[PDB]
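Shown below: final.pdb, with PDB, C-alpha atoms (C1' of nucleotides).
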ATOM      1  CA  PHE A 266      -2.221  69.496 -20.969
ATOM      2  CA  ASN A 267      -1.974  66.331 -23.208
ATOM      3  CA  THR A 268      -5.240  64.769 -21.792
ATOM      4  CA  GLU A 269      -6.951  68.242 -22.138
ATOM      5  CA  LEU A 270      -5.899  68.289 -25.884
ATOM      6  CA  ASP A 271      -6.680  64.509 -26.420
ATOM      7  CA  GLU A 272     -10.505  64.847 -25.816
ATOM      8  CA  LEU A 273     -10.624  67.838 -28.304
ATOM      9  CA  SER A 274      -9.063  65.512 -31.013
ATOM     10  CA  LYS A 275     -11.385  62.500 -30.221
ATOM     11  CA  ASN A 276     -14.528  64.791 -30.184
ATOM     12  CA  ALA A 277     -13.414  66.893 -33.259
ATOM     13  CA  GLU A 278     -15.847  65.072 -35.675
ATOM     14  CA  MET A 279     -18.758  65.683 -33.168
ATOM     15  CA  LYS A 280     -18.617  69.556 -33.309
ATOM     16  CA  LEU A 281     -18.441  69.721 -37.196
ATOM     17  CA  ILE A 282     -20.909  72.176 -38.896
ATOM     18  CA  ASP A 283     -18.752  71.982 -42.141
ATOM     19  CA  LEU A 284     -15.833  69.720 -43.385
ATOM     20  CA  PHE A 285     -12.345  69.696 -41.677
ATOM     21  CA  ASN A 286     -10.727  71.534 -44.689
ATOM     22  CA  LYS A 287     -13.294  74.441 -44.275
ATOM     23  CA  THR A 288     -13.353  74.706 -40.380
ATOM     24  CA  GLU A 289     -10.823  76.911 -38.440
ATOM     25  CA  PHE A 290      -8.495  75.560 -35.654
ATOM     26  CA  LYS A 291      -9.987  77.808 -32.864
ATOM     27  CA  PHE A 292     -13.473  76.270 -33.651
ATOM     28  CA  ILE A 293     -12.274  72.820 -32.301
ATOM     29  CA  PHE A 294      -9.287  73.540 -29.935
ATOM     30  CA  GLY A 295     -10.170  77.151 -28.872
ATOM     31  CA  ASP A 296      -7.565  79.948 -28.392
ATOM     32  CA  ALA A 297      -4.832  77.384 -27.351
ATOM     33  CA  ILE A 298      -2.259  78.725 -29.959
ATOM     34  CA  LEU A 299      -2.659  82.580 -29.683
ATOM     35  CA  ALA A 300      -2.901  82.411 -25.808
ATOM     36  CA  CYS A 301       0.510  80.535 -25.662
ATOM     37  CA  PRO A 302       3.479  82.666 -24.391
ATOM     38  CA  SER A 303       5.341  84.291 -27.380
ATOM     39  CA  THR A 304       8.932  83.320 -28.481
ATOM     40  CA  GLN A 305       9.991  86.904 -29.527
ATOM     41  CA  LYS A 306      12.855  86.653 -26.910
ATOM     42  CA  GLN A 307      16.251  85.369 -28.286
ATOM     43  CA  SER A 308      14.433  82.708 -30.418
ATOM     44  CA  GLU A 309      14.310  80.863 -26.998
ATOM     45  CA  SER A 310      11.030  78.811 -26.947
ATOM     46  CA  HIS A 311       8.722  78.656 -23.836
ATOM     47  CA  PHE A 312       8.243  75.238 -22.059
ATOM     48  CA  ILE A 313       4.424  75.677 -22.642
ATOM     49  CA  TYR A 314       5.137  76.348 -26.397
ATOM     50  CA  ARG A 315       7.555  73.315 -26.615
ATOM     51  CA  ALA A 316       4.770  71.072 -25.097
ATOM     52  CA  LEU A 317       1.903  72.404 -27.371
ATOM     53  CA  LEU A 318       3.738  72.079 -30.774
ATOM     54  CA  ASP A 319       5.251  68.614 -29.877
ATOM     55  CA  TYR A 320       1.560  67.433 -29.537
ATOM     56  CA  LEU A 321       0.683  68.937 -33.001
ATOM     57  CA  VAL A 322       3.765  67.155 -34.569
ATOM     58  CA  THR A 323       2.312  63.718 -33.446
ATOM     59  CA  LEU A 324      -1.232  64.851 -34.603
ATOM     60  CA  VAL A 325      -0.168  65.075 -38.341
ATOM     61  CA  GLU A 326       1.883  61.836 -37.694
ATOM     62  CA  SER A 327      -1.357  59.906 -36.753
ATOM     63  CA  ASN A 328      -3.407  61.702 -39.528
ATOM     64  CA  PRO A 329      -1.760  60.780 -42.894
ATOM     65  CA  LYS A 330      -2.665  62.649 -46.147
ATOM     66  CA  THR A 331      -5.719  60.783 -47.650
ATOM     67  CA  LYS A 332      -8.696  61.852 -49.893
ATOM     68  CA  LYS A 333     -11.063  62.126 -46.839
ATOM     69  CA  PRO A 334     -10.134  65.282 -44.811
ATOM     70  CA  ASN A 335      -9.135  64.715 -41.104
ATOM     71  CA  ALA A 336      -8.057  66.808 -38.013
ATOM     72  CA  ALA A 337      -4.728  67.798 -39.771
ATOM     73  CA  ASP A 338      -6.655  69.877 -42.456
ATOM     74  CA  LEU A 339      -7.884  72.513 -39.882
ATOM     75  CA  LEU A 340      -7.358  76.141 -41.091
ATOM     76  CA  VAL A 341      -4.748  78.282 -39.190
ATOM     77  CA  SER A 342      -4.606  82.152 -39.337
ATOM     78  CA  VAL A 343      -1.405  84.231 -40.044
ATOM     79  CA  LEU A 344      -1.075  85.168 -36.281
ATOM     80  CA  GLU A 345      -1.441  81.447 -35.223
ATOM     81  CA  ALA A 346       1.033  80.610 -38.088
ATOM     82  CA  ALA A 347       3.415  83.407 -36.826
ATOM     83  CA  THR A 348       3.428  81.822 -33.279
ATOM     84  CA  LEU A 349       4.037  78.215 -34.610
ATOM     85  CA  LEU A 350       7.034  79.519 -36.715
ATOM     86  CA  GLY A 351       8.120  81.877 -33.844
ATOM     87  CA  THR A 352       8.774  84.860 -36.214
ATOM     88  CA  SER A 353       7.251  88.350 -36.923
ATOM     89  CA  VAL A 354       3.886  88.562 -38.830
ATOM     90  CA  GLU A 355       5.487  90.559 -41.765
ATOM     91  CA  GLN A 356       8.076  87.689 -42.140
ATOM     92  CA  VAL A 357       5.135  85.164 -42.497
ATOM     93  CA  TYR A 358       3.378  87.572 -44.993
ATOM     94  CA  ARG A 359       6.739  87.696 -46.924
ATOM     95  CA  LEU A 360       6.677  83.817 -47.144
ATOM     96  CA  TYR A 361       3.110  84.275 -48.609
ATOM     97  CA  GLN A 362       4.546  87.042 -50.945
ATOM     98  CA  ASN A 363       7.161  84.568 -52.432
ATOM     99  CA  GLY A 364       4.573  81.674 -52.368
ATOM    100  CA  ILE A 365       6.669  79.596 -49.857
ATOM    101  CA  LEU A 366       3.579  78.979 -47.597
ATOM    102  CA  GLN A 367       0.449  78.279 -49.744
ATOM    103  CA  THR A 368      -2.873  79.695 -48.556
ATOM    104  CA  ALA A 369      -5.832  77.319 -48.871
ATOM    105  CA  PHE A 370      -8.170  79.086 -51.335
ATOM    106  CA  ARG A 371      -7.459  81.771 -53.923
ATOM    107  CA  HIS A 372      -8.196  85.399 -52.952
ATOM    108  CA  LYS A 373      -9.518  87.193 -56.031
ATOM    109  CA  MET A 374      -6.970  90.043 -56.846
ATOM    110  CA  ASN A 375      -8.193  92.721 -54.375
ATOM    111  CA  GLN A 376      -8.238  90.205 -51.488
ATOM    112  CA  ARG A 377      -5.582  91.246 -48.889
ATOM    113  CA  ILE A 378      -5.623  88.387 -46.258
ATOM    114  CA  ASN A 379      -7.629  89.202 -43.051
ATOM    115  CA  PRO A 380      -5.080  88.523 -40.215
ATOM    116  CA  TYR A 381      -7.716  86.600 -38.069
ATOM    117  CA  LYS A 382      -9.449  84.613 -40.931
ATOM    118  CA  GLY A 383      -7.972  81.032 -41.109
ATOM    119  CA  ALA A 384      -5.741  81.085 -44.259
ATOM    120  CA  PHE A 385      -3.253  78.109 -44.218
ATOM    121  CA  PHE A 386      -3.772  74.368 -43.375
ATOM    122  CA  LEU A 387      -2.274  73.044 -40.057
ATOM    123  CA  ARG A 388      -0.707  70.233 -42.228
ATOM    124  CA  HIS A 389       2.184  71.839 -44.268
ATOM    125  CA  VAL A 390       2.675  74.735 -41.722
ATOM    126  CA  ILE A 391       4.046  71.921 -39.407
ATOM    127  CA  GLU A 392       6.018  70.180 -42.257
ATOM    128  CA  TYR A 393       7.613  73.638 -42.993
ATOM    129  CA  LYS A 394       8.586  73.793 -39.246
ATOM    130  CA  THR A 395      10.049  70.185 -39.397
ATOM    131  CA  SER A 396      12.152  71.329 -42.465
ATOM    132  CA  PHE A 397      13.997  73.600 -39.917
ATOM    133  CA  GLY A 398      15.932  71.401 -37.407
ATOM    134  CA  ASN A 399      16.368  72.350 -33.698
ATOM    135  CA  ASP A 400      18.156  70.239 -31.009
ATOM    136  CA  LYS A 401      15.079  68.744 -29.171
ATOM    137  CA  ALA A 402      13.293  67.272 -32.264
ATOM    138  CA  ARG A 403      11.963  63.647 -31.890
ATOM    139  CA  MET A 404      13.917  62.512 -35.063
ATOM    140  CA  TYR A 405      17.306  61.802 -33.320
ATOM    141  CA  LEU A 406      15.481  60.106 -30.362
TER     142      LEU A 406
ATOM    143  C1'   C B   1     -47.455 133.153 -25.228
ATOM    144  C1'   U B   2     -47.114 133.237 -33.170
ATOM    145  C1'   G B   3     -50.258 140.304 -37.963
ATOM    146  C1'   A B   4     -52.664 136.629 -31.625
ATOM    147  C1'   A B   5     -58.370 133.663 -30.589
ATOM    148  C1'   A B   6     -62.867 131.664 -33.828
ATOM    149  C1'   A B   7     -64.540 130.172 -39.040
ATOM    150  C1'   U B   8     -68.989 124.594 -44.072
ATOM    151  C1'   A B   9     -68.944 128.373 -50.795
ATOM    152  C1'   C B  10     -72.554 126.295 -52.269
ATOM    153  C1'   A B  11     -77.047 124.333 -55.307
ATOM    154  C1'   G B  12     -78.560 123.340 -61.471
ATOM    155  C1'   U B  13     -76.579 122.238 -66.713
ATOM    156  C1'   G B  14     -76.974 118.299 -74.199
ATOM    157  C1'   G B  15     -71.461 121.953 -78.434
ATOM    158  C1'   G B  16     -73.583 120.685 -82.115
ATOM    159  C1'   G B  17     -74.527 120.111 -87.661
ATOM    160  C1'   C B  18     -71.151 119.756 -93.095
ATOM    161  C1'   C B  19     -65.992 118.248 -95.554
ATOM    162  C1'   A B  20     -61.236 114.510-101.394
ATOM    163  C1'   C B  21     -53.975 116.859 -99.590
ATOM    164  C1'   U B  22     -52.661 116.360-104.293
ATOM    165  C1'   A B  23     -49.447 115.948-108.690
ATOM    166  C1'   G B  24     -43.262 114.805-110.029
ATOM    167  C1'   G B  25     -38.438 112.263-108.543
ATOM    168  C1'   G B  26     -31.331 107.651-109.452
ATOM    169  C1'   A B  27     -27.608 108.490-102.765
ATOM    170  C1'   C B  28     -23.164 107.601-105.170
ATOM    171  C1'   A B  29     -17.983 106.540-105.791
ATOM    172  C1'   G B  30     -12.948 103.858-102.385
ATOM    173  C1'   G B  31     -11.634 100.701 -98.118
ATOM    174  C1'   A B  32      -6.552  94.620 -94.646
ATOM    175  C1'   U B  33      -9.169  94.994 -87.475
ATOM    176  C1'   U B  34      -4.416  92.837 -85.927
ATOM    177  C1'   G B  35      -0.816  90.716 -82.439
ATOM    178  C1'   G B  36      -0.819  86.956 -77.221
ATOM    179  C1'   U B  37      -3.400  83.437 -73.950
ATOM    180  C1'   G B  38      -3.130  76.096 -69.184
ATOM    181  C1'   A B  39     -10.546  75.684 -65.690
ATOM    182  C1'   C B  40      -9.544  73.136 -62.008
ATOM    183  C1'   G B  41      -6.525  67.678 -58.605
ATOM    184  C1'   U B  42      -8.208  69.840 -49.871
ATOM    185  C1'   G B  43     -12.205  66.122 -53.596
ATOM    186  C1'   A B  44     -17.802  63.493 -50.668
ATOM    187  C1'   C B  45     -20.927  60.439 -55.469
ATOM    188  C1'   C B  46     -17.466  54.650 -52.499
ATOM    189  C1'   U B  47     -17.536  49.059 -51.827
ATOM    190  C1'   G B  48     -20.468  45.130 -53.071
ATOM    191  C1'   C B  49     -25.144  42.007 -54.159
ATOM    192  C1'   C B  50     -29.484  40.191 -57.679
ATOM    193  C1'   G B  51     -30.134  40.015 -62.812
ATOM    194  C1'   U B  52     -28.769  36.832 -69.751
ATOM    195  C1'   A B  53     -28.523  42.377 -69.775
ATOM    196  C1'   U B  54     -23.519  49.522 -69.528
ATOM    197  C1'   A B  55     -31.985  47.315 -69.036
ATOM    198  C1'   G B  56     -33.950  47.494 -64.106
ATOM    199  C1'   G B  57     -33.627  46.740 -58.745
ATOM    200  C1'   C B  58     -30.942  46.651 -53.979
ATOM    201  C1'   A B  59     -27.287  46.559 -48.708
ATOM    202  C1'   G B  60     -24.105  49.646 -45.555
TER     203        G B  60
END
For the file at hand, write its structure as structure tokens.
Amino acid sequence: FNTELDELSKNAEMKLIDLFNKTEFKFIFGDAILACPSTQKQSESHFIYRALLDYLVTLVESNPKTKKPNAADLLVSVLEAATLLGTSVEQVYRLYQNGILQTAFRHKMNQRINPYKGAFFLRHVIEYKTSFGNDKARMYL
RNA sequence: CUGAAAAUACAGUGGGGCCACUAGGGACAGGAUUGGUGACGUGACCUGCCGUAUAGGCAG
């Protein structure tokens, strides 16, 4: 699964019709987040889900925050955001309601967010998830 | 399978001549628009060379 996801990162710049900060995640990686088995049960994460996210944590690690956009500025939708947090979709809308998670362009007053349109950056959606500590994080070892 | 079928309105043409709207004339007095407001930092326009030159030319 790592080597399958490694070629998509190396050949990310090849596929670009627009800039990284304007392109969606499913345009480069393709369905690999919303196909993943859900963690609605117990808050017990799937071994497929543990392996996917732990690759994305080292992606933003290798792609620091510079003035040129890179692979860590790909746009993520509210459903793909809901899976990466492992919570309900209303709970992730409520974080948007109290401006905890910051969209990536301003909707103009009658814009209610399309649930499939890529709203948030991959970047700080991960950093929000690393603000919550669970036992098998890479920080301790 | 119709108040059923069918159907060539046509040819020609001189509105013309004349004409005084005119005289007179006060729109005028009064007037409080007012309170309150962040254009940008997910962005390409960089790094150097020649030249006396904020002239003018150039390399990725």
Atom CA of residue A:382 to atom CA of residue A:294, straight-line distance in Å =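 Distance between the two atoms: 15.6 Å.
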Which residues come within 10 Å of stretch 271-285 of chain A, counting all atoms listed in the file, excluding same-chain residues fewer than 6 positions away, as a list in words?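 Neighbouring residues, sequence-local ones excluded: residues 292, 293, 294, 295, 320, 324, 333, 334, 335, 336, 337, 338, 339, 340 and 386 of chain A; 42 and 44 of chain B.
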Expressed in Å, the length from atom CA of residue A:332 to atom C1' of residue B:45 is 13.5 Å
Between atom CA of residue A:287 and atom CA of residue A:313 lies a distance of 28.0 Å
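Distance annotation: of A:391, A:384, A:300, A:378, the residue with the minimal separation from residue A:321 is A:391; atom set is only C-alpha atoms.
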For this session: Could you tell me which residues the PyMOL selection byres ((chain A and resi 394) around 12) returns for this structure, as JSON, numbers by chain?
Result: {"A": [318, 319, 321, 322, 346, 347, 348, 349, 350, 351, 352, 366, 387, 388, 389, 390, 391, 392, 393, 395, 396, 397, 398, 399, 402]}
B:41, B:3, B:57, B:26: which is nearest chain A, counting all atoms listed in the file?
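Among the listed residues, B:41 lies closest to chain A.
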Listed atoms of stretch 311-324 of chain A, axis-aligned box, 8 Å per side: centre and edge lengths to one decimal in Å, as JSON?
{"center_x": 3.7, "center_y": 71.2, "center_z": -28.3, "size_x": 26.0, "size_y": 30.9, "size_z": 28.5}
* Between B:43, B:30, B:56, B:38, which one has atoms that come closest to chain A, using only C-alpha atoms (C1' of nucleotides)? ->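 Of B:43, B:30, B:56, B:38, the one nearest chain A, counting only C-alpha atoms (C1' of nucleotides), is B:43.
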Skipping near chain neighbours, those fewer than 6 positions away, what residues fall within 12 Å of residue B:59 using all atoms listed in the file, listed as a ChimeraX atom specification?
/B:47-50
- Residue nearest chain B among A:406, A:360, A:369, A:354 (counting all atoms listed in the file):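 For chain B, the nearest of the candidates is A:369.
In terms of minimum interatomic distance to chain B, A:331 ranks closest within A:331, A:359, A:343, A:381, counting only C-alpha atoms (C1' of nucleotides).
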Original post:
What's the 9 Å shell around residue A:311, counting all atoms listed in the file, without same-chain residues fewer than 5 positions away, as a list in words?
Top reply: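 Counting only the stated atoms, we get residues 301, 302, 303, 304 and 316 of chain A.
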How about saving the chosen residues, C-alpha atoms kept, as an mmCIF file, in the frame of the given file?
data_model
loop_
_atom_site.group_PDB
_atom_site.id
_atom_site.type_symbol
_atom_site.label_atom_id
_atom_site.label_comp_id
_atom_site.auth_asym_id
_atom_site.auth_seq_id
_atom_site.Cartn_x
_atom_site.Cartn_y
_atom_site.Cartn_z
ATOM 1 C CA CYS A 301 0.510 80.535 -25.662
ATOM 2 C CA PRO A 302 3.479 82.666 -24.391
ATOM 3 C CA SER A 303 5.341 84.291 -27.380
ATOM 4 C CA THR A 304 8.932 83.320 -28.481
ATOM 5 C CA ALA A 316 4.770 71.072 -25.097
#
Take stretch 334-349 of chain A, bring it up to N, CA, C and O atoms, and give me the output as a PDB file, in the coordinates of the input.
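Once written, result_30.pdb looks like this:
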ATOM      1  N   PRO A 334     -10.806  64.344 -45.712  1.00  0.00           N
ATOM      2  CA  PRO A 334     -10.134  65.282 -44.811  1.00  0.00           C
ATOM      3  C   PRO A 334     -10.270  64.838 -43.345  1.00  0.00           C
ATOM      4  O   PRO A 334     -11.284  64.249 -43.002  1.00  0.00           O
ATOM      5  N   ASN A 335      -9.245  65.121 -42.534  1.00  0.00           N
ATOM      6  CA  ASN A 335      -9.135  64.715 -41.104  1.00  0.00           C
ATOM      7  C   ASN A 335      -8.690  65.935 -40.286  1.00  0.00           C
ATOM      8  O   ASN A 335      -8.642  67.039 -40.862  1.00  0.00           O
ATOM      9  N   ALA A 336      -8.366  65.743 -39.001  1.00  0.00           N
ATOM     10  CA  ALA A 336      -8.057  66.808 -38.013  1.00  0.00           C
ATOM     11  C   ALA A 336      -6.830  67.639 -38.421  1.00  0.00           C
ATOM     12  O   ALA A 336      -6.705  68.759 -37.900  1.00  0.00           O
ATOM     13  N   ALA A 337      -5.965  67.124 -39.305  1.00  0.00           N
ATOM     14  CA  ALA A 337      -4.728  67.798 -39.771  1.00  0.00           C
ATOM     15  C   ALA A 337      -4.995  68.729 -40.968  1.00  0.00           C
ATOM     16  O   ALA A 337      -4.008  69.276 -41.489  1.00  0.00           O
ATOM     17  N   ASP A 338      -6.255  68.923 -41.382  1.00  0.00           N
ATOM     18  CA  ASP A 338      -6.655  69.877 -42.456  1.00  0.00           C
ATOM     19  C   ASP A 338      -7.351  71.112 -41.864  1.00  0.00           C
ATOM     20  O   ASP A 338      -7.954  71.868 -42.649  1.00  0.00           O
ATOM     21  N   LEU A 339      -7.267  71.333 -40.547  1.00  0.00           N
ATOM     22  CA  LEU A 339      -7.884  72.513 -39.882  1.00  0.00           C
ATOM     23  C   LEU A 339      -7.148  73.781 -40.328  1.00  0.00           C
ATOM     24  O   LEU A 339      -5.894  73.739 -40.443  1.00  0.00           O
ATOM     25  N   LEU A 340      -7.903  74.853 -40.591  1.00  0.00           N
ATOM     26  CA  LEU A 340      -7.358  76.141 -41.091  1.00  0.00           C
ATOM     27  C   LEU A 340      -6.764  76.931 -39.919  1.00  0.00           C
ATOM     28  O   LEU A 340      -7.397  76.986 -38.846  1.00  0.00           O
ATOM     29  N   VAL A 341      -5.582  77.508 -40.153  1.00  0.00           N
ATOM     30  CA  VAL A 341      -4.748  78.282 -39.190  1.00  0.00           C
ATOM     31  C   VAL A 341      -4.585  79.691 -39.768  1.00  0.00           C
ATOM     32  O   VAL A 341      -4.310  79.794 -40.985  1.00  0.00           O
ATOM     33  N   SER A 342      -4.753  80.726 -38.940  1.00  0.00           N
ATOM     34  CA  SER A 342      -4.606  82.152 -39.337  1.00  0.00           C
ATOM     35  C   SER A 342      -3.123  82.547 -39.331  1.00  0.00           C
ATOM     36  O   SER A 342      -2.300  81.754 -38.836  1.00  0.00           O
ATOM     37  N   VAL A 343      -2.806  83.732 -39.859  1.00  0.00           N
ATOM     38  CA  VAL A 343      -1.405  84.231 -40.044  1.00  0.00           C
ATOM     39  C   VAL A 343      -0.772  84.506 -38.671  1.00  0.00           C
ATOM     40  O   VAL A 343       0.455  84.318 -38.559  1.00  0.00           O
ATOM     41  N   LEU A 344      -1.561  84.923 -37.671  1.00  0.00           N
ATOM     42  CA  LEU A 344      -1.075  85.168 -36.281  1.00  0.00           C
ATOM     43  C   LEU A 344      -0.773  83.829 -35.593  1.00  0.00           C
ATOM     44  O   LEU A 344       0.270  83.745 -34.913  1.00  0.00           O
ATOM     45  N   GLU A 345      -1.644  82.826 -35.756  1.00  0.00           N
ATOM     46  CA  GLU A 345      -1.441  81.447 -35.223  1.00  0.00           C
ATOM     47  C   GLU A 345      -0.276  80.768 -35.958  1.00  0.00           C
ATOM     48  O   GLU A 345       0.437  79.969 -35.317  1.00  0.00           O
ATOM     49  N   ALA A 346      -0.107  81.058 -37.252  1.00  0.00           N
ATOM     50  CA  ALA A 346       1.033  80.610 -38.088  1.00  0.00           C
ATOM     51  C   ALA A 346       2.324  81.288 -37.613  1.00  0.00           C
ATOM     52  O   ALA A 346       3.351  80.588 -37.542  1.00  0.00           O
ATOM     53  N   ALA A 347       2.270  82.591 -37.305  1.00  0.00           N
ATOM     54  CA  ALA A 347       3.415  83.407 -36.826  1.00  0.00           C
ATOM     55  C   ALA A 347       3.954  82.841 -35.505  1.00  0.00           C
ATOM     56  O   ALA A 347       5.195  82.815 -35.341  1.00  0.00           O
ATOM     57  N   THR A 348       3.067  82.393 -34.608  1.00  0.00           N
ATOM     58  CA  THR A 348       3.428  81.822 -33.279  1.00  0.00           C
ATOM     59  C   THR A 348       4.080  80.444 -33.459  1.00  0.00           C
ATOM     60  O   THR A 348       5.096  80.196 -32.780  1.00  0.00           O
ATOM     61  N   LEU A 349       3.532  79.595 -34.339  1.00  0.00           N
ATOM     62  CA  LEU A 349       4.037  78.215 -34.610  1.00  0.00           C
ATOM     63  C   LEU A 349       5.407  78.253 -35.305  1.00  0.00           C
ATOM     64  O   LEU A 349       6.171  77.288 -35.116  1.00  0.00           O
TER      65      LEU A 349
END
